[PDB]
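S.K.: sequence first, structure after; it's an experimental one.
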Amino acid sequence: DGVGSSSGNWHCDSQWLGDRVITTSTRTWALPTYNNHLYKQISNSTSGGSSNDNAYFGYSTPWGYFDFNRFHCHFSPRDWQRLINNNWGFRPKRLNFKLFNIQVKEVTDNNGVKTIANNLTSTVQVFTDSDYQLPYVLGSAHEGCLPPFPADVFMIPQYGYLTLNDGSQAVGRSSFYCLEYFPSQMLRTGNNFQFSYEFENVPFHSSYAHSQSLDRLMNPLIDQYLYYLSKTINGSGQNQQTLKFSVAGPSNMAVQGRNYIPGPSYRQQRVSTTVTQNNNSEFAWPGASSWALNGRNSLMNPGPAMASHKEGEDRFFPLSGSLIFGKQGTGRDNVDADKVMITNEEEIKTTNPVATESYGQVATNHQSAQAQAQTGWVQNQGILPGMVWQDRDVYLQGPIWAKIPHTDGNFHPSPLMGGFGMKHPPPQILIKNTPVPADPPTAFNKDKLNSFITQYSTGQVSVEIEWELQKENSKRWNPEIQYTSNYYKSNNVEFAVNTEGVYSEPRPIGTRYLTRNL
Amino acid sequence: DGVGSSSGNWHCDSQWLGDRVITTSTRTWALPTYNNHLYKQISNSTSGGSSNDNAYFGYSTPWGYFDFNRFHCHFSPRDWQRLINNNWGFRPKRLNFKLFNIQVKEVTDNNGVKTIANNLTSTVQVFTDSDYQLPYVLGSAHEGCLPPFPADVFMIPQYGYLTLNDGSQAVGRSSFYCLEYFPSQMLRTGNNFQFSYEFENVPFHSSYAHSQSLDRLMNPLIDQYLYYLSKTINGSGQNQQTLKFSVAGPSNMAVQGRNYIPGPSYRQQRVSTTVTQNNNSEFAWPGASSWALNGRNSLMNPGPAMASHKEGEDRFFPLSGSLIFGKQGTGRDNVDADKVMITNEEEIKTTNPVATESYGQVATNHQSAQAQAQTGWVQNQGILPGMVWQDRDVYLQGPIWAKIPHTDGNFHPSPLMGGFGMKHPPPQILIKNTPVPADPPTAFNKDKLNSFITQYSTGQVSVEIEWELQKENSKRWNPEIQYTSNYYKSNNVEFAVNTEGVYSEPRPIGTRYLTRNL
Amino acid sequence: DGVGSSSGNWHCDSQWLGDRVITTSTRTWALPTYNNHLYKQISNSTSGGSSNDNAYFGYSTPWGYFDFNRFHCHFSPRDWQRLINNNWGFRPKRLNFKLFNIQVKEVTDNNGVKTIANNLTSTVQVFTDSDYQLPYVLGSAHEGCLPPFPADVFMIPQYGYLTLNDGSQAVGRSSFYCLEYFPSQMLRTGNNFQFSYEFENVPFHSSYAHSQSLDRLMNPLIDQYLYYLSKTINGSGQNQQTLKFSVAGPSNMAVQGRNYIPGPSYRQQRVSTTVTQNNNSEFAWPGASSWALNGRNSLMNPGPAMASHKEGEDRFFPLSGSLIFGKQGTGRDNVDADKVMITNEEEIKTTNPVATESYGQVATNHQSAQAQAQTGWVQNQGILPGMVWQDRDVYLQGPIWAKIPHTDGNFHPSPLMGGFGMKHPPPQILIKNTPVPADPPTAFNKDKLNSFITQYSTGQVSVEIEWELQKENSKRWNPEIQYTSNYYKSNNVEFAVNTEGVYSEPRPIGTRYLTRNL
Amino acid sequence: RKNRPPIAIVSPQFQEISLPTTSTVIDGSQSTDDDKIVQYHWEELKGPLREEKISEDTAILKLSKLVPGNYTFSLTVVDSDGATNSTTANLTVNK
Amino acid sequence: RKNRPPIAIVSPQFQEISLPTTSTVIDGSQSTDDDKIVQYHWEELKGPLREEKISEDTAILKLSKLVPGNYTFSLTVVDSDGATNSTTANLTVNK
C-alpha cells in the first residue's frame, strides 16, 4: 500500500485441470501521454484526404486501453499444441484482470538531455467500461495487444472511436463521448486495479476437422429407396423423349437424395500465389467481393466461412476471404507474398463451399419442346433451411472474441474473423495518465491550462482467463493428424527468440486437427 | 494516508434517480502562490485611476478559492438536455465537496531553466467559510469556476474582496479580514479535505415556459358579467357627451376585467443587433438604465426579469437587461457582436413586460369640459398587489446560486442573474499554499521573512450536488418544444472538442422548454 | 339506480351554524350538443377579423361545464344580508357538488315538427378536472353560472380555451387539449355524479369598512416628539434663507411622521356619470389605463384595488377601475348608463388611493440657490415597504374565486376582480352529451361518422359550499351602517320576481358595511 | 394563405376641436385583420402648412401644436401577407 | 469551409490489353477528397471512332466491345463544395 512495497506479483503460469485450463499471463506496459491530454476530432480531412469508401469522422481520446483479444496473449505455443491436439472444443469461462506495480515517471528535457525522474505523487486513472456505454474498438483486429512473448514490454494503444459522418462532416446524430464522464479509479504508485468478468454462454469452438464429407454421408453399399430422373431421351433421334427413372445408389452417389446442404456462400476472386498464373491487370480492388453500406463500398475481408480451395490446389487463396498475418519484422505497406502468412481454411471443405467457386447451378427457365434446359450459376447463396456450415478457425495470433452489435436482429453472430461472438464481451479497460500542470501563472487566467508536465507511466498487467475444454472421445482406429514441431536441424528453434532476442511466431497455427465425423 | 497512496478516486458520474439527480464532478486544479504570500490593499489608485463609478477599495489575499457556481461545472450538455426536456423544475438539495490527491511542487529557476521538483513535506491549507464571516465573492458571476469539460485543468482564482470607500480611501468602518485568523486544515501530499453541505429550502426553478398568456386567461366563448365604459361621446357634435357602457366579452378581450397584472418593469434601451437600425451616437453608457448608490451610478445589468422582445423581433435586445456570454476564444475587450452569446428571455413574455417597452399608460390629469383626457407613460413600475412575474432563466453557463445580503429586509430574493437566492449558500472554500521560507539568516532579524521558496500546488477536486426534480404531468396533446441537437452535417460536433482539443459550448441553453399553462 | 327512481333530491337550504354557514344550492340545467360533437379551432380569422389587441387563437370543445363562481349561485339576498351585516369576514371551507336526475332527450324534426322523445339508453359523460391539467376558464367573469334564482332553468356554457398565437396563427408551443383524453364518467338516466372538494387556506375576505383613516391614525391631543422643516425662508427679502423646524402635532396633522402609507396606485381616467361634465371627444379607449403584453395592449379593468372617488363626488367613476354589472334585461352592446350597475369601491378610501387621482408628489430635482424646489406627480406607484392596502370588495353578483396562474412568482394573489385567489380552486366540472350515431352505412366507410342523432340532456345540479365566518366583536358605541331593504311602497319587491316572473337583482350589494378601525 | 385584406377602422371619422386644445387623438388601433396588422401608417392630405407634417406609425395617433384649418389623414394598415387597406380620417380645428 | 480541392487517382495509369479481352477496368474509386466526392466523371479524348462513346459516371470504369487503337480517358471528380480535379488515364489495346 506504500511506495516501497510492490502491489502485485508476476503470475504467468498456465495450469491444465480435468475439464478446464486457467491461462494466466502477465506483461509490462508503458503508457505515454496521448494527444497531450486533449480530445481531438479526427477525419479524413485531418488525415489529408481519403476516398469516399475510406471517409470517416471520429475522435481521438487521450486514453489508452488494454486489449488482450488475441490468442497468443494467453497461450504459449506449447499450450496451444496441448489444446488443439487433445480437445474437440474450448470456450472462455471467466477472466481476472489485474493492474499493479504502477510507477509514473516524469521526464525533463530542459537542457537537451532527457532525465526521466520518478513522480511518486502523480496518479494514473484506469476504469473498465463494464456497461458497454462506449464504442467497442476491441474485436476490430487491431494492434497493441499484450505481446505473444512474456519477456518484452509493450506500449498501450491510443483509444479513438469513429462515429457517423456524411463525408468528413458530422451528421447531427454522431455522438461524442467524454471518457472523463466515467467514474475512474485514480491509482498512485502504491495502488492497484483488478476486476473479474464472467464470459457469456458462447458455444464451444469447433476445434476439430470433419472426417466425413457432407455429400458422402451414407452407406456406400446399400442403395436408396428413392428414384431420380436418369434419362430424358431414349435415343438420338428427333422425337425421342422419355422419362426414365433409375434408383440412386452407390453406383451414382452424386444424384441421390440428401437431407442437408452445404453452408452459405459469397464468392471471392481466386488469386494464385504463383503470380504467373494470375491476370496481368490490377484486379486487387476492382475484382473484389464487397458489400455496400450507405453508398460507400467496403471489402468483405474475410466474409462467411468458406473453404479456401479445392483439394490439391494449395496455391489459390480467396482475394479477401482469408486472414493474412504478418511475419516478424514485416512492414505495413506492400510487402512481398513471402513476408505474410495466409491462413488456409480448407479443414471446413467438408461442409462449407469453396470460397473461390460458385455455390452451384440453378434452373433459369422452363424447358419445353422449343427451349433447352437452361441453367445458371449461383455465385452467392444466402441461408436456406437444412444448410449446415462451420465457422472460421481461431488461430494462435487471431482474435478471441467480438461484440455482437446491438441490433434488432442478427443471424449466427459468430465473428467472421473467428472467435466467440458475445453480446457482453470483456469490458474495455481504459487507462490514462492524469494531467499534471507545470506552472500556472501567478495571475488568474480563465483559459484551460495548456502547459503540462511531460510524463509517462509504466507497470505490470496480469490477465487470467479460465477456458472450458471439450475432451475427445472418438472410436477412430488410425492415428489423427496432430500439430508437431518438425524434428530437423534449423538455425533457430521455431516459436523462440533468435540471436537478437526478437521472438517470432513462424506460422499461423489453427485448431482443426482432430477429426470428428458429421 | 501516505505519500505513495492516492487520497481519493476520480468520480465524475451523473446518476438519474426517480425524483433526483446526483451530479458528481471531478477536476484537476493548479494553485499558484498569490501575492507572494502577502495581503495587499487594492484600490483604483493602485490600478492607475478609475472614475467615480468604478472607484473601489479592498484587499487581495494570498488565498485561492473554489467556485463551482456555474451549471456546467456539474451538468454535461446531455444531462442538461435530460433535465430541461423532461422536468418542470429543479433545485439543489445537498452537496459533497472533496479535495484529494494533493501534491505540492517546488520550482527552481537558479540556472535560467526551471526545474519543478516535488516537495513532499510542504503543505497546502484549505478551510471552508461555513459561518459566512467573510465577504462572499461567489455569485458575482466571476471566472475561475470548474471548467465545463472534465478533461482540462484549471487554475484556482485569487480571493480578494472589496469594502467601503470614499473614493480610493478607506472610511473608518471598512473591515480588513485576515484569512489566517480562521482555523484552516493543513494538508500534506497524503491528506485530503472533504465537507458536506445541505442546501436551503429554495423554491424549484421554473424550468418551463407558459403555454398561456397573462392577458388571455379566460373563456373565449362566454362574455363577462362586468361592464366597461365603451363610449364617452355619442356623436361628433359639440355638446354630445354620454357614458355608454358595453359588456366586455370575447369580441373585445383587451378591456375586460382581470384579476392579475404583469410583473414589475424597469425599462431598458432597445439596441438592435442590426447595427444600421441603431442610433449613430455612442448611447452605450449614456442611454443605459442605472441605479445610484451613495452617489456613484452602476449599470442595472440585468435587473428585473423582463421579456427581452416582443414576438417577431428577435434582433432587439435590452441594452443591459440580458446575460451575455462569450464564445470559445473570445477576447475581453470590445469583441464583435458575433463573438458573444446574448441570451433571450422571451419565454417569460406571457407574464413579464417587455424589457424595452414601458409598463403601460396612466392617467395624469382630471379631464373636464376644458381639459382633454391626458395620460402618461409608465417607464418603470414597482411591485403592486396582484402582480405575477417569472424569474430569470438559469443557463448551462450561468450562475447557480447567490447569497442574499444580510439586510433588515428584501423582496423576492431570487438573484437577478438567475439561480437560487440563499441566505446560507454553499460556503466559500478557501485554499492557500503554506509559505515555505528559503533561508533565514544565521543571525536574528526581527523583520518578517521575505524570501520564500517559489512553489505551487496541484491536485484533484470533486464536488457532487444532489438536485431534486419536478416531473412533468401535463394533459397537453400536441408535442412540446424540446432541446434537440440538429441533425445536419457540420465540421465539429457541437458541445465537443475540435481538432485542437479545445472544448466549446456553442450556445447558451436555457431551461424553459416544456410548457405549463398559467 | 333505475330509470324510474330518482337519483337525488332537491336540496336548496342554507343553514347558519355557530361559526360557519353551509349554503346548499340546486338548479335545473339543459345541456345542448355543442359543435356537433366536434373540436374546432377558433381565431379572430374565424370570427371575421379582429384587431391586434383582440387577436386570439384557441379551440372550442363540444364540452359544457359547470361554473358556480358567482356569489348569488349560493347566497340568497337575505343570506347575503345576514352575512355582511353581522360578520367581519368569511371564506369557503369545502364544497360538495352533486349531479343527479339526469335525463337525455332525443329530438326528431323529420316532418317539420320537432318531437322530443326520451333516450333511456343514451348517456352523458361528466368529469372533473381535479389535477388542473386543462385551461382554467373559470374566474374569467364569464356567464353561464347557476342562476341567482332557484326556480329558473339555465343552459350549460360551452367549454372553449385560448392558447398562444402570433396573430391568428398558432406558434409551435400552443397546446391542443382533447377532453376525451381524460377519464370521464358515463351516466345513464339512472346514474349520478358527485364529488367533494376542500378549499385552500385562503384569508378571510375583509367584509368590513374601516372606521379610521390611514393618515388619521394618532392621538389628536398630544403632539409628536418629532420635528418637521416648517420654514425655509424667514422673510420676503432676497438673501433670507433659514431652516426653521417646528414640532408636528395636532395643529398640523398633515406633516407629522407616519409609520405606514397608502397602498399602490395605477391611475385611471375620471369619467363622470353626468355626461355634460366629460370631454366632448371619444376618450373611451384612447384615455384608458392599459398594460401591454407581447405587444398587444389590454385594458386594466379593473386593476389594483383603489378607492373610486373622493368623498362627496359620487358621480365620478374610474374609466375601467370598477366592476360594472348589467341590470335585468340589459343588452350586450352600447347600453345607456342607467341600464348598468357601476360598483363603488369607496369603502377602502381609508387605506387605498383614489383610482382617479395620482398617488402623490415626488421631488424631481436638487434645489439650490439657482433652481427652485421642483416636484413631480406620481401617477402610478408600485409596492413600497410599509404600504397597507385593502382588496377589492366581493359582491353578490361578483366572482368568488380565481386560479393563481402557475408562475415562478406573484405578489398578493388576490384576484383583481375580487374574491379568493387559490392555487388549486374548485376543479372544472366538464359535461358532454355522448355522441350517438344515427345510421352507419351497411358497407364499411373509413371516414368518421358525421350523422349523429340530434339530442340534448337535462337534469339537476346541486352545489353546497361551507363558508367559515369571522364574527364581529367591536366596542363601538353608536350603531353601524347595515344593509336594509328600504321600507317604501314600490311596484315590485326588490330581489324578487315581477308580474312576468323574471327575477331581478336591483343593485350590486357589497360586503363592507360593518366598521373596523385600523 | 388566401388571407383577407385588413380593414382600417378610425374611431373618430369627424374629429372636432377648438384652438385652445390642439392636442387631439385619432384612434386606429381598432383596425381589424384576419391575422394581425404589422404596420399602421398615418399620412395627412388636406393638412395646411404648419411647423411639421405627420407620417407617424403608431396605431393610435397623437397630435400636437395644431393650427386652425382643415385636416385630412389617411390610415394605411398592412396585413402580415402584404394586403393593405387605407381609410381616411377628418379633423377640423376652429379659430 | 476552406475546402481543399479533390484529387483524382486512377489506379491504372497505363492500361495494357490485347484484342481478345476487350472488357477492361479503370479504377477511379481511389480518388481522395477532404470531405467526399459527389461525382466521378469519365470522358475519353483519344478514343478512335467506335460503336459508342463513354461518359459514364461510375467511380470504377467498366469498358466493353473495344476495338484496336489508343484510348485516353480523363476522370473528373467533384468536391462537395464544387472544386474539381481532372486526371487522365491511358489504355492501349493491341491487334
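M.R.: Thanks, I have it. Numbering: from 1, shown residues only, chains lettered A, B, ... in the order given.
S.K.: can you pull the contacts of the residue in chain D that chain B sits nearest to?
M.R.: Closest to chain B within chain D is residue D:14: 4.3 Å, counting by CB to the nearest CB. Quick note: C-beta positions are derived from backbone N, CA and C, even for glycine. Going by CB atoms under 8 Å, 6 or more residues apart in numbering or on different chains, residue D:14 touches B:236, D:90-92.
S.K.: hey, what's it bridged with?
M.R.: Assessed by DSSP bridges, residue D:14 has beta-bridge partners residue D:90.
S.K.: before we move on, what about residue A:26?
M.R.: Assessed by DSSP bridges, residue A:26 has beta-bridge partners residue A:462.
S.K.: that one reaches residue A:460, doesn't it?
M.R.: Yes - counting by CB atoms under 8 Å, residue A:460 is a contact partner of residue A:26 at 5.9 Å.
S.K.: overlap in contacts, those two.
M.R.: Common neighbours of residue A:26 and residue A:460 (CB under 8 Å, 6+ apart) are residue A:10.
S.K.: which of the contacts of residue D:14 count as buried?
M.R.: B:236, D:90-91 (16 or more other CB atoms under 10 Å in any protein chain shown).
S.K.: which one of these sits closest to chain C?
M.R.: Nearest to chain C among the buried ones among the contacts of residue D:14, with distances taken as CB to the nearest CB, is residue B:236, at 9.0 Å.
S.K.: ok so, going back, now the contacts of residue D:14 as CSV including distance to residue A:366?
M.R.: Formatted as CSV, the contacts of residue D:14 follow (distance: CB to CB, whole Å):
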residue, distance to residue A:366
B:236, 97
D:90, 94
D:91, 97
D:92, 101
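S.K.: residue contacts, residue A:205?
M.R.: Contacts of residue A:205 by CB under 8 Å, 6+ apart are A:89-91, A:391, A:394, A:420, A:511.
S.K.: kindly reformat the residues you listed as TSV containing distance to chain E, secondary structure and neighbour count.
M.R.: Formatted as TSV, the contacts of residue A:205 follow (distance: CB to the nearest CB, whole Å; DSSP: H, G, I helix; E, B strand; the rest coil; neighbours: other CB atoms under 10 Å in any protein chain shown):
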residue	distance to chain E	secondary structure	neighbour count
A:89	42	strand	19
A:90	42	strand	20
A:91	41	strand	18
A:391	31	coil	21
A:394	33	coil	26
A:420	35	strand	23
A:511	37	coil	27
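S.K.: I figured residue D:33 hits residue D:79, correct?
M.R.: Yes - assessed by CB under 8 Å, residue D:33 is found in contact with residue D:79 at 5.5 Å.
S.K.: who has more neighbours, these two?
M.R.: A direct count of neighbours by other CB atoms under 10 Å in any protein chain shown for residue D:33 and residue D:79 places residue D:33 higher, at 29 against 22.
S.K.: ok, the closest residue in space to that one that isn't next to it in sequence to chain A distance?
M.R.: Of all residues not flanking residue D:33 in the chain, residue D:6 sits nearest, at 3.9 Å (CB to CB, 6 or more residues apart in numbering or on different chains). For residue D:6, the distance to chain A (CB to the nearest CB, to the nearest Å) stands at 41 Å.
S.K.: ok, and what's touching stretch A:477-485?
M.R.: Contact with stretch A:477-485 is made by A:80-81, A:84-85, A:209, A:494-495, A:509, A:513-515, as judged by CB under 8 Å, 6+ apart.
S.K.: which among those residues end up buried?
M.R.: A:80-81, A:84-85, A:209, A:495, A:509, A:513-515.
S.K.: now chain A against chain E: closest residue?
M.R.: Counting by CB to the nearest CB, chain A gets nearest chain E through residue A:167, at 3.2 Å.
S.K.: wouldn't that residue be in contact with residue E:32 here?
M.R.: No - taking contacts as CB under 8 Å, residue A:167 lies outside contact range of residue E:32: 11.5 Å.
S.K.: check which helix or strand residue D:12 maps to.
M.R.: Assigned by DSSP states H and E, residue D:12 falls within no helix or strand.
S.K.: if we can go back for a sec, out of the buried ones among the contacts of stretch A:477-485, who's near chain B?
M.R.: For chain B, no contacts are drawn from the buried ones among the contacts of stretch A:477-485 by CB under 8 Å from any CB of the partner chain.
S.K.: specify which member of those is nearest to chain B.
M.R.: Of all the buried ones among the contacts of stretch A:477-485, residue A:80 has the smallest distance to chain B: 38.8 Å, by CB to the nearest CB.
S.K.: identify the residues contacting that closest one.
M.R.: A:71-72, A:396, A:483, A:509.
S.K.: now do residue A:132
M.R.: A:403, A:424, A:427.
S.K.: just the buried ones from those?
M.R.: Using 16+ other CB under 10 Å as the burial test, the contacts of residue A:132 include A:403, A:427 as buried.
S.K.: closest to residue C:152 out of the contacts of residue A:132?
M.R.: residue A:424 (74.6 Å; CB to CB).
S.K.: that closest one contacts residue A:198, doesn't it?
M.R.: No - counting by CB under 8 Å, residue A:424 stays clear of residue A:198, with 9.3 Å between them.
S.K.: and the furthest pair within the contacts of residue A:205?
M.R.: Across those (CB to CB), the longest gap, 13.4 Å, separates A:90 and A:391.
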